[PDB]
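Here is how the chains run, residue by residue.
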Amino acid sequence: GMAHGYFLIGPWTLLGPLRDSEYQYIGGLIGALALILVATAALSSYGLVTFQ
Amino acid sequence: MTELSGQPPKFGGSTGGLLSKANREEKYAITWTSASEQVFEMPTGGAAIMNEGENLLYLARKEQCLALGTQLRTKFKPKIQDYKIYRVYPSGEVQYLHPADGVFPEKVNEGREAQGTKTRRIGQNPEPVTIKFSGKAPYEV
Amino acid sequence: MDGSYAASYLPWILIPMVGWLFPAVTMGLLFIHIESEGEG
Amino acid sequence: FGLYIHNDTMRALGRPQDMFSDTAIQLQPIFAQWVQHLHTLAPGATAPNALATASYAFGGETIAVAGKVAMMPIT
Amino acid sequence: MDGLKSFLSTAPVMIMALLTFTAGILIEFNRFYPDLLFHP
Amino acid sequence: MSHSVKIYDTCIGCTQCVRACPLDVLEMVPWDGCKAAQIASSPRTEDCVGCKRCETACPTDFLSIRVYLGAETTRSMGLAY
Amino acid sequence: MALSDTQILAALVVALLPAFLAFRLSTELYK
Amino acid sequence: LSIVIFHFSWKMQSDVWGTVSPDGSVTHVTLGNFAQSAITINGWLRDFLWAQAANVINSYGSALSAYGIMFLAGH
Amino acid sequence: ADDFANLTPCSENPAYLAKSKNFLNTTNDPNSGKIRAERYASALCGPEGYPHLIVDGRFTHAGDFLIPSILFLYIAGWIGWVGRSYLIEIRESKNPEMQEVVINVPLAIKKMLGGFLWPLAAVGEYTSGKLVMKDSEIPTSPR
Amino acid sequence: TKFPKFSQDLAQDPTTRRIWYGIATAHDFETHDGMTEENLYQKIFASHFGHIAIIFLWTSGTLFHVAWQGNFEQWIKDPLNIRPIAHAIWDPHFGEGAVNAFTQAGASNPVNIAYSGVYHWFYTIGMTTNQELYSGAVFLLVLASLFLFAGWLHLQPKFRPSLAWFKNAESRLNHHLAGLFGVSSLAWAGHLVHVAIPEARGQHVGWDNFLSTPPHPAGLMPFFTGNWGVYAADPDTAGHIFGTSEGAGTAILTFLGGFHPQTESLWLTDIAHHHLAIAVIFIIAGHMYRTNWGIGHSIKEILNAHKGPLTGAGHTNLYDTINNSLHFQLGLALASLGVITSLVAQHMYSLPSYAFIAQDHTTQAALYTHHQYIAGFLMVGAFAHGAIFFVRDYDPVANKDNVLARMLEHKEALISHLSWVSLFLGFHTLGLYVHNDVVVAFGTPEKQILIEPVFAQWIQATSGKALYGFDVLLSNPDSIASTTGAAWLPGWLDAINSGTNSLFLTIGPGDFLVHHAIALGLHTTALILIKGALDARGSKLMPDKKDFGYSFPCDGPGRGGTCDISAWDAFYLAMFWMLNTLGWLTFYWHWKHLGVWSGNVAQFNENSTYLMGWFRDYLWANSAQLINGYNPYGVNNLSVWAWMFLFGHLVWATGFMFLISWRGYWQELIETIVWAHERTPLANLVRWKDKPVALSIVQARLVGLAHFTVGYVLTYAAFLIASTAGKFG
Ligand code: CLA
Ligand code: CLA
Ligand code: CLA
Ligand code: CLA
Ligand code: CLA
Ligand code: CLA
Ligand code: CLA
Ligand SMILES: CCCCCCCCCCCCCCCCCC(=O)OC[C@H](CO[C@@H]1O[C@H](CO)[C@H](O)[C@H](O)[C@H]1O)OC(=O)CCCCCCCCCCCCCCCCC
Ligand SMILES: CCCCCCCCCCCCCCCC(=O)OC[C@H](COP(=O)(O)OC[C@@H](O)CO)OC(=O)CCCCCCCCCCCCCCC
Ligand SMILES: CC1=C(/C=C/C(C)=C\C=C\C(C)=C\C=C\C=C(C)\C=C/C=C(C)/C=C/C2=C(C)C(=O)CCC2(C)C)C(C)(C)CCC1
Ligand SMILES: CC1=C(/C=C/C(C)=C/C=C/C(C)=C/C=C/C=C(C)/C=C/C=C(C)/C=C/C2=C(C)CCCC2(C)C)C(C)(C)CCC1
């Protein structure tokens, strides 16, 4: 998670819609946090189904 | 069933062989006796070398073993009609599959019980409306 | 994006709720359901 | 094709600055441009005994015959 | 010979020959009498 | 699971279905309904994939061996994974 | 005249009733 | 190959072919519209297909009418 | 007296006249357009000036669909009748298929020539039993 | 695994197919495990309740969004110059350009304009404020709640209806004719007379006053006596102005035909009178059948009594044949409903009932296309369920020798003559079209075979259209059909003889050619569907096909090859021809009405004869605005329709993939992908719970058809809407 969340900042930070605003880094951060939340849900669901 | 013997064919490896299913679910084995070291087509792609004497080979599916068996019995100078095919479970349990009673099924044999037999023509199956709200189809009755 | 109709703060949170939360939750429930291997 | 779909969606939404284009998020064919430039400089340099470029599609003057243009650089 | 005759009598040769004959007829009839949209 | 493979009484015992079957679903068993004194049998339909080679092979006026595809298993789907 | 915020919120509460009844009909039809 | 030949046709009509003036001004066939239109699918549907199909459909009553006929025939 | 009021004869339509004074030549004859402007003037046109045809059945427009219908039906009856008789004759020649792919040109031309009496032969085969076969003597599929 | 619980076979499937098929067979209750007939009917009853409730909730959403985010009260003032809006847009994806483009129709925020004609409907029936629409939507919330609860309750054992209750056809027919159809039409005539008609005359009638304000000054006295003519009274004058009392009458039941001069729609008093008469007839008809009082008919006796010397057993046992086959019943319902849905489509555009809806050309086009497509789906489903009947429910011994079995007995004749009519139509319609195309191409358009549709013009004359001068029936004043003094005749003639509406649009050779294209399409779709239904039990390739069910992949490559052998495949093939037929008919309608609204009828009249005119003058030209919804220069309110046009093209082309390329190639590719996953480290940590496999053969056909149809409908909808809206008729 450390590795993945660290590098997941960049894409939206430099290319997302907030890149040309005064909230470029905040927009990248928000996108990365939402992505990590969805990925956590996916990981947990996989674990819930595969180890019954 | 007991234990299986035979030497693995001379082969360097393919990507077409066994996958996780072989260890997790089921696998198949084919044994055959060859008169010499001869090249044959690997059902998973490539050419392999069978050895003189006994040969055991593990394949992913029963149809692959049967395709190899037809190739052995149809494409070799002295024909090889000696191959036996088994189903191998991950528990170590081995199950003899082919040929069932020691005789190829193409030719008749005593002591065989007919299965799937229908004592009528196709055109004598009942009408589905006569069997609806059961669970059966006109061939199952 | 705005709205002059009554209670125009409702799409503000309902559009994310209908587009993100509702599908995520229902797909997760249906996923855990169709994969459920309880006998029967 | 995904780049095309992204550009269609961005332009439809009135967001031209978010498109892939020479005036927004540029995707310059840098290597092909460099090879075109190398071709243009070949006559007299890396091609000493060549008077002109092998093909004016790589660059140079706009060769025109009659009212039409025969061949010119292709950016 | 007999083989050449049996070949010239085959179905594609005969169908193309008849199509050519009919096309000649139609083309020439429209050459001498064009634009017959209907009978006077 | 598996498919269903039925053999009807129009069987002439030519055995071509057994030779065509690439998974050893069929056998020949003794019978007295035809001159060949043999009838096809499907004692191993759990291995049957349903490729219909037997039906392709059958010579009788409309097939004497009939494959009805049914519940799909990894053996019946021809899966090697 | 224009609908009021109270009217919008009152309709959501009312819609909570068809929601519960649809849940009940769904789960019973599952039986 | 359909995409390849469409690319060739449009690029040559936009950024290559055209009329040169006695002054030297180059007025291309479709006025250099490739850079902003060929980046979206709607651009290819409108400025390439729909726009340049105007000759094939209006070809009736002229020498190019067989081309419109074969157009419909291919469809 | 006032039928087809939405149509006027092409000789009375100004659009038809303005277009017919520019009718294009059809063949090598430079008077084919004038021949068109003469011939089509008798039929009914319309606002656009293009001649309209009347398949209504009235004999004042018998040339619009009746005469061509008779001609086509005659030719097509001839074709089908001679082909069918060729097939019937060939059927009893021990190997009809080979004669269906390799034509029996003598018999074929003979059957084609005797096709001008095809309606008489059709009626004659109907009154006997050569035209229509009985249903229980025809193969069918299960119901 | 558990899912799906109604099929052990699918439940034990170890592949992803298990999922797909579990979704695809849910509603086929008959093939659930352990299903009985009684449980079947009970589950269907409760599903029906759920479906009605869903309909009510949908209508509630429409009412609610018009009342909350629309411009209903403003649109009522200036209904010809204001565009009705459906609901507000909330999309965080929008940029400034799109925000500007969609704050339209006077709105102060992004909005879509409605094309369902719902504003005209709600305004015509007497609603005038947002509060009324909101109260309606809350009431529909309650009605849906009631039907949902009823559906739940009838699954409870004590309230579970018996099979004999479901099989009581006589009582249900009586109730549905007299009560469901009759009393509903009566109550609607009461709403018209009490609310809608007074509202149209400037009077308010709502729950606050409707008790103390009669619909007529005389009130019920003439009804219970003779003197019914008092209600025909003084009708609204020609100068009546909708919503005000200027020129308003007092009558409640009239029969003056024609259209309201200002609103260009049927008179509300005519509509009320129609519903009263229909109510009377339906109530009378709902007494035909026997129930609990000896009087009444047995449908079984009627069917058994109708035998002829030339139809064998006649209709014997058809009562049980239909009463025991839900697929026969559903096919009948679907066919009849599709016919009357096409009827609705043909009459609403021609004889509209909602005030000012005729001048709203995009709504008219959209509603016509909508109802025609619904009709096509309904017809295809009708024939598909007829095939399912033949497969699952048809009984040869009880239906022996009757008309049903006799249809199978000569099925080869039916199929062959359908083939012949399709070939006839196709050959010759295509030949005339191509002749016209070539003859116009070479610069000699005078040599076109232009057949005047004399028969339909003559029919128009029989109804009064004097344009053609046929002088037959209602086009001849001396006719006994026109010398009757019918109160509707002056208005009907005045409407049908003005070239200002869509009442019997003038027709010419283009209409002839497209009508034969329509005949070809109907015949070929019917041929496919009927060949599938009549061969579903068996042919010579598959003499035992009834043992293989309605839907199955094939019969293998043997016996010549048997791709698309099942009757389901016949449905799937016929779907393409239905979509093609509807394309032709909607092209015809849209182009003709484009000319009508633009005043330039000459374009369609002179260029619908050759197909290049259809190509350029209809498809190519009317795309100009649609295709410029977004361009390098900016964005307008047509941007959504342009993007949807492209979206439909994409979905259609995507379905081509499933249709053209069949399954084994994909299974091998998926096997390579499975190997790639099982051997890639880190990814090896994760494994699929279901074995990935290629989509099945039937699944492929269905998914490809679904993409084909979605793309079809969306492409044409975006085109129709955007062209008619950018041009404004
Ligand atoms: C499939 C339907 C169809 C039909 C209805 C027509 C019909 C027609 N076309 Mg057209 N056309 C079609 C398809 C069709 N076309 C297609 C697909 C194309 C694209 C290739 C064209 C392109 C086209 C062109 C370019 C032209 C036409 C023309 C014509 C007209 C010329 C007729 C004529 O005089 O020829 C010949 C007339 C005959 C009578 C020939 C038959 C003679 C037979 C062989 C002799 C038999 C007589 C018999 C012995 C008598 C016995 C009588 C019995 C009672 C005993 C005609 C009305 C021409 C025109 O100018 O239109 C006005 C023309 O130039 N068409
Ligand atoms: C379209 C894809 C995309 C995009 C747009 C970006 C965009 C970006 N990336 Mg990312 N990246 C990507 C994909 C992408 N990345 C992928 C696929 C990977 C591989 C998984 C990476 C992995 C990667 C790493 C490892 C880093 C970035 C970083 C960055 C940012 C560097 C630019 C900058 O701000 O300058 C400034 C850059 C720096 C100041 C570098 C940080 C220096 C620190 C102090 C490290 C010092 C090294 C040393 C070992 C200290 C450790 C101390 C320890 C002993 C206690 C930038 C916004 C950097 C970043 O996030 O900025 C903090 C960075 O560290 N990227
Ligand atoms: C089936 C009818 C229907 C439809 C198609 C829509 C459509 C829409 N609504 Mg609306 N809504 C409806 C009924 C409906 N509404 C009713 C009756 C109410 C009053 C309770 C509301 C109150 C409501 C609010 C407050 C808002 C919307 C909004 C929206 C838009 C965004 C989606 C959303 O957030 O919804 C959310 C919906 C709800 C919170 C209430 C549930 C709606 C009904 C009662 C349930 C429908 C169930 C349906 C029949 C199940 C069948 C599904 C089928 C596929 C099987 C969208 C265009 C948003 C908007 O205006 O966008 C700008 C917004 O914020 N709706
Ligand atoms: C009396 C006036 C007249 C004149 C000025 C012409 C002039 C011409 N004709 Mg024409 N023709 C005429 C009458 C006339 N014809 C009549 C009455 C018919 C009806 C039978 C035809 C049918 C006809 C056909 C079918 C052809 C010509 C062709 C030609 C050109 C080549 C002449 C030639 O002999 O080369 C060579 C001649 C031929 C290849 C065919 C000779 C025509 C005979 C009468 C019919 C034989 C066809 C056969 C029975 C069936 C076709 C099978 C095929 C393998 C040949 C030439 C400029 C040919 C052409 O157009 O060149 C491309 C050609 O193909 N004409
Ligand atoms: C007067 C008593 C009565 C009434 C009111 C009803 C009413 C109804 N029954 Mg019921 N039934 C009754 C007695 C009654 N039944 C009895 C005694 C029995 C036992 C013998 C049954 C047994 C029975 C069964 C088993 C079922 C029904 C079902 C239904 C529903 C049919 C589906 C539907 O909603 O379409 C509504 C139809 C109409 C409103 C009229 C048809 C409209 C026609 C086709 C054309 C449209 C006219 C007009 C142009 C529309 C305007 C359009 C508008 C948008 C402007 C319906 C609401 C079905 C159901 O859904 O269960 C919940 C069902 O399964 N009934
Ligand atoms: C109107 C009443 C009606 C009733 C209640 C039924 C009932 C039934 N039908 Mg029938 N049918 C109908 C109408 C009806 N049908 C129509 C109108 C058609 C023509 C299309 C058909 C044609 C038909 C066939 C060919 C078959 C059935 C079958 C069945 C049975 C199985 C249903 C099932 O589980 O499938 C579930 C359905 C699906 C999984 C697919 C749903 C497709 C959705 C609605 C469309 C998706 C649209 C897309 C997502 C839009 C994207 C939008 C976005 C891009 C913007 C079932 C008992 C099947 C059967 O079992 O035979 C006995 C069968 O083979 N029907
Ligand atoms: C434009 C596309 C197209 C065309 C032309 C056809 C054509 C036809 N379809 Mg078809 N179909 C199509 C698409 C098409 N289909 C698609 C996408 C599907 C879904 C997969 C179907 C599925 C389908 C089914 C299931 C059935 C048909 C049927 C038919 C026939 C109906 C009879 C008719 O039209 O009259 C006459 C025929 C025509 C007008 C077409 C022939 C046109 C040629 C040009 C005539 C001239 C011959 C030509 C000169 C030959 C010389 C070749 C040489 C030059 C090389 C007809 C031949 C029905 C049928 O078989 O009818 C009995 C039928 O059952 N179609
Ligand atoms: C492919 C299948 C092949 C074969 C199978 C086919 C089967 C049949 C299928 C379809 C058939 C369709 C119907 C075809 C017939 C259409 C008839 C038609 O078009 O007619 C068209 C004609 C047109 O001529 C009419 O002439 C009349 C003169 O009065 C009319 O009034 C009109 O002026 C004029 O339109 O109409 C008539 O039928 C004339 C009827 C005159 C006599 C009416 C007798 C009944 C009335 C008697 C008096 C009543 C009241 C007296 C008045 C006052 C005192 C109370
Ligand atoms: C628009 C064109 C329509 C194209 C349809 C297909 C054209 C092919 C012609 C079909 C001939 C069928 C041969 C029948 C074979 C036959 O002759 O059987 C003989 C049959 C005699 O049987 P009986 O009538 O004595 O049988 C008693 C009945 O109780 C049972 O049928 O006579 C008829 O059925 C005549 C009706 C045939 C016409 C079919 C009806 C078609 C349209 C029906 C319109 C309904 C209107 C109802 C309004 C109240
Ligand atoms: C004592 C009694 C009688 C007196 C009755 C009196 C004194 C009044 C009766 C009034 C009645 C019976 C009113 C009935 C109203 C029914 C309605 C309103 C039904 C359905 C509405 C629906 C289904 C939904 C409509 C929709 C809504 C909500 C919209 O807003 C949009 C349109 C649409 C979608 C259609 C008399 C003496 C007579 C007989 C003897 C007994
Ligand atoms: C498969 C099948 C089926 C079927 C299905 C379907 C889909 C059908 C259909 C069909 C149809 C879809 C039909 C239609 C029809 C129509 C009609 C029948 C009409 C009638 C008419 C009339 C008679 C009219 C008349 C008139 C006129 C014209 C005008 C003036 C007025 C009058 C009225 C005189 C069933 C299930 C059943 C059974 C099983 C099998």
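Residues numbered from 1 in each chain as written, not as in the entry; some residues may be left out. Chains lettered and ligands numbered in written order. Part of a larger assembly, values for the part shown. Heavy atoms only, no water.

Going by the header, the method for this PDB entry is X-ray crystallography, and the resolution given is 2.501 Å.

Participant: I keep staring at the overall build of chain H and nothing clicks. Help me out?
Facilitator: Helix and strand content of chain H: five helices and two strands. Listing the helices and strands of chain H from first to last along the sequence gives α-β-β-α-α-α-α. Taken over C-alpha atoms, the radius of gyration comes to 14 Å for chain H, far larger than the 11 Å a tight globule of 75 residues would show. For the C-alpha atoms alone, the extent of chain H along its principal axes is close to 40 × 30 × 20 Å. Counting only residues that meet the buried cut, chain H has 39% of its 75 residues in that class. Of the contacts made within chain H by residues no fewer than 6 positions apart, 30% connect residues no fewer than 24 positions apart. When the accessible surface of chain H is totalled, it reaches about 4,100 Å², and 68% of it is carbon and sulfur. (Helix = DSSP H or I, 4+ residues; strand = E, 2+ residues; numbered from the N terminus. Rg over C-alpha atoms; globule rule 2.2 N^0.38 Å. Buried < 20%, exposed > 50% of the residue type's maximum accessible area, 1.4 Å probe, protein only. Contact = heavy atoms within 4.5 Å. Areas by Shrake-Rupley, 256 points an atom, 1.4 Å probe, with all protein chains shown as cover.)

Participant: Teacher, can you tell me more about the interface of chain B and chain F here?
Facilitator: Note: interface size is frequently given as the accessible area lost on complex formation between the parts. The partner chain F presents 36 residues to the 36 residues of chain B that form the contact. Each partner contributes to the roughly 3,000 Å² buried at the junction of chain B and chain F, and carbon and sulfur atoms together form 55% of this total. If you sort the residues of chain B by the area they bury against chain F, B:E106, B:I122 and B:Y139 come out on top, with a joint share of 21%. In this assembly, chain B and chain F are joined by four salt bridges. (Buried area = accessible area lost by both parts, 1.4 Å probe. Salt bridge = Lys/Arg side-chain N within 4 Å of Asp/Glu carboxyl O.)

Participant: Would you take a moment to explain helix 2 (residues 17-24) of chain J for this structure?
Facilitator: An α-helical segment advances 3.6 residues per turn. Residues three or four places apart therefore align on the same side. Taken together, the buried positions of helix 2 of chain J are J:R17, J:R18, J:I19 and J:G22. Those residues of helix 2 of chain J that are buried lie in contact with helix 1 (10-34) of chain C together with helix 1 (8-11) of chain J.

Participant: Is there a simple way to think about the site of ligand 3 in this case?
Facilitator: Near ligand 3 there are 19 residues, and of these C:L10, C:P11, C:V18, J:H65 and J:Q69 occur at the shortest range. Those chains with residues close to ligand 3 are chains C, G and J. The separation between an oxygen atom of ligand 3 and a polar side-chain atom of J:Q69 is 2.7 Å. Looking at the shell around ligand 3, the elements with two or more residues in it are helix 1 of chain C, helix 1 (5-30) of chain G together with helix 3 (37-69) of chain J. A per-element tally of the shell around ligand 3 places helix 3 of chain J first, with eight residues. The residue inventory of the shell around ligand 3, partitioned by class, reads 15 nonpolar, four polar and no charged. (Near = heavy atom within 4 Å. Polar contact = N/O pair within 3.5 Å; in protein donor to acceptor, adjacent residues only side chain to side chain. Nonpolar A, V, L, I, M, F, W, Y, C, P; charged D, E, K, R; others polar.)

Participant: Help me out: how do you make sense of the state of the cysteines in this one?
Facilitator: Joining two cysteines, a disulfide is a covalent bond between their sulfur atoms. Applying the stated criterion to the full structure yields one disulfide over all chains. The disulfide partner of I:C10 is I:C45, and the gap between their sulfur atoms is 2.0 Å. Because the sign of the S-S torsion sets the handedness, a value of about 100° for the bond joining I:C10 and I:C45 places this disulfide among the right-handed ones. Residue I:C10 is located in the segment before helix 1 (14-20), and its partner I:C45 is located in the loop between helix 2 (32-39) and helix 3 (62-91); the two are separated by 35 residues in the primary sequence. Take F:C17: it sits in no disulfide, and the sulfur closest to it among the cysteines is that of F:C54, at 6.3 Å. (Disulfide = S-S within 2.5 Å.)

Participant: Mind showing me how you'd approach the UniProt feature "transmembrane region" in chain C here?
Facilitator: Here the UniProt-annotated "transmembrane region" positions come out as residues 12-32 of chain C. A helix fraction of 100% and a strand fraction of 0% characterise residues 12-32 of chain C, whose end C-alpha atoms lie 30 Å from each other. (UniProt positions renumbered as here; feature names shortened; annotations may be inferred.)

Participant: Where do I start with the packing of aromatic side chains in this structure?
Facilitator: Aromatic ring pairs: the centre-centre distance and the angle between the two ring planes describe each pair. Throughout the structure, instances matching the rule amount to 80 aromatic pairs over all chains. For the ring pair J:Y572 and J:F576, a centre distance of 5.4 Å and an interplane angle of 80° mean the geometry is edge-to-face. Within this pair, J:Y572 and its partner J:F576 are both found in helix 21 (residues 567-598), separated by four residues, close to a single helical turn. Here J:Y572 matches J:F576 in class, with each residue buried. Through pairs of rings, three or more aromatic residues link up here, namely J:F587, J:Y588, J:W591, J:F604, J:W614, J:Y618, J:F645, J:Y716 and J:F719. If you follow B:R73 out to its NZ or CZ, it ends over the ring of B:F104, 4.4 Å from the centre. Looking at J:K43, its charged tip hangs above the ring of J:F29, at a distance of 5.4 Å from the centre. (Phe/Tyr/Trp six-rings, centres within 6.5 Å; stacked < 30°, edge-to-face > 60°. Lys NZ or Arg CZ within 6 Å of the ring centre and 35° of its normal.)

Participant: Just checking my understanding: could you explain the nonpolar core for this structure?
Facilitator: J:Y550 and J:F571 are the most contacted members of the largest nonpolar core, which totals 147 residues. For this core, the element with the most residues is helix 21 of chain J, which contributes 16 residues. Residues in contact with J:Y550, not counting those within four places in the same chain, are J:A384, J:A387, J:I388, J:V391, J:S566, J:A567, J:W568 and J:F571. If you look at the next biggest cluster of nonpolar residues, it comprises 30 residues, including F:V5, F:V18, F:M28 and F:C58. (Core = buried A, V, L, I, M, F, W, Y, C linked by side-chain atoms within 4.5 Å.)

Participant: Looking at this structure, how should I read the sheet that holds strand 5 (residues 84-88) of chain B?
Facilitator: Backbone hydrogen bonds hold the strands of a sheet together, and the pairing may be parallel or antiparallel. All names here are of chain B. Spatially, 4-1-5-6 is the arrangement adopted by the four strands of the open sheet, whose pairing is antiparallel. Both edges of this open sheet fall to strand 4 (53-59) and strand 6 (94-98), since each of them pairs with a single strand only. When the angles between neighbouring strand axes are averaged without regard to direction, this sheet yields 25°. Bridge count between strand 1 (residues 27-34) and strand 4: seven bridges; the pairing is antiparallel. Pairing of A29 across the sheet is with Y58, part of strand 4. (Pairing = 2+ DSSP bridges. Axes fitted to C-alpha atoms, helices over the stretch in contact; angles between N-to-C directions.)

Participant: Help me understand the pattern of salt bridges in this model?
Facilitator: Close approach of charged atoms allows side chains of opposite charge to pair. Applying the stated criterion across every chain, the model contains 50 salt bridges over all chains. Across the salt bridge formed by F:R75 and B:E26, the nearest N and O atoms sit 2.7 Å from each other. Here F:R75, found in the segment after strand 4 (65-71), pairs with B:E26, found in the loop between helix 1 (20-24) and strand 1, and the two come from separate chains. The closest approach of N and O atoms between J:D555 and F:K52, which form a salt bridge, is 3.4 Å. In this pair, J:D555 is assigned in the loop between helix 20 (509-535) and helix 21 and F:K52 in the loop between strand 3 (38-41) and helix 2 (53-57), connecting two distinct chains. When its relative accessible area of 2% is taken as the criterion, J:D555 is described as buried. By relative accessible area, which is 6% here, F:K52 ends up buried. Taken together, the shared-partner salt bridges in this structure form one network comprising F:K52, F:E55, F:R66, J:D544, J:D555 and J:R559.

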